[PDB]
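Enquirer: Handing you a structure now.
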Amino acid sequence: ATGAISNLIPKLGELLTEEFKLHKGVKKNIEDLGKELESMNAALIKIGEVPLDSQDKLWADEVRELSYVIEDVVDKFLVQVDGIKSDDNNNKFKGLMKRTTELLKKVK
């Protein structure tokens, strides 16, 4: 037999494609939100030059509430990204590669 290599090839292919779909989906979501926050930031700067009513005050509170909501989602994403970098299973690559390369040295 060839060990688990026959089973490993389609699993790595499944992992490669699913990781690629996840990256592109997350990358697009962050960029699309960043585009709208930059557009909102530019609009709020133009309004700051205007010499406001109660509706402006209410919408200012809605802007502040949205900032909290987005900041919470982004801060927790940064924490999870930091955790994946320090993850135990994610750090096993270098340990497997060292054993993999040393065995392939004996081949050639």
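We name chains A, B, ... following the order of the structure tokens; residues begin at 1 in each chain, and ligands are numbered from 1 as shown.
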Using only C-alpha atoms, which protein or nucleic acid residues come within 10 Å of residue 63 of chain A? Drop anything in the same chain fewer than 5 positions from it, and give the result as a PyMOL selection string.

Expert: chain A and resi 40+44+57-58+68-69

Enquirer: Could you give me, as CSV, every segment 47-79 of chain A residue with an atom at most 12 Å from segment 11-34 of chain A, plus its closest atom pair and distance in Å to one decimal, counting only C-alpha atoms, rows ordered by chain then number?

Expert:
residue,atom,partner,partner_atom,distance
A:70,CA,A:33,CA,9.5
A:73,CA,A:30,CA,11.0
A:74,CA,A:30,CA,9.3
A:77,CA,A:26,CA,10.6

Enquirer: Convert the current residue selection to file output with N, CA, C and O atoms, as an mmCIF file, in the first residue's frame.

Expert:
data_model
loop_
_atom_site.group_PDB
_atom_site.id
_atom_site.type_symbol
_atom_site.label_atom_id
_atom_site.label_comp_id
_atom_site.auth_asym_id
_atom_site.auth_seq_id
_atom_site.Cartn_x
_atom_site.Cartn_y
_atom_site.Cartn_z
ATOM 1 N N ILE A 70 -19.577 47.952 13.618
ATOM 2 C CA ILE A 70 -18.528 47.526 12.698
ATOM 3 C C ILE A 70 -17.226 47.285 13.448
ATOM 4 O O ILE A 70 -16.520 46.303 13.194
ATOM 5 N N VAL A 73 -17.239 43.839 15.040
ATOM 6 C CA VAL A 73 -17.035 42.753 14.083
ATOM 7 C C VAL A 73 -15.583 42.706 13.623
ATOM 8 O O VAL A 73 -14.987 41.628 13.507
ATOM 9 N N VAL A 74 -14.989 43.872 13.361
ATOM 10 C CA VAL A 74 -13.618 43.911 12.859
ATOM 11 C C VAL A 74 -12.631 43.503 13.947
ATOM 12 O O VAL A 74 -11.684 42.748 13.691
ATOM 13 N N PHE A 77 -12.718 39.800 14.350
ATOM 14 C CA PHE A 77 -12.061 39.147 13.223
ATOM 15 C C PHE A 77 -10.545 39.214 13.368
ATOM 16 O O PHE A 77 -9.845 38.235 13.087
#

Enquirer: Using only C-alpha atoms, find the one residue out of A:67, A:96, A:105, A:56 that sits nearest to residue 41 of chain A.

Expert: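 Of A:67, A:96, A:105, A:56, the one nearest residue 41 of chain A is A:67, counting only C-alpha atoms.
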
Enquirer: Have a look at atom CA of residue 90 of chain A and atom CA of residue 72 of chain A and let me know their distance in Å, one decimal.

Expert: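 Computing it gives 25.4 Å between the two atoms.
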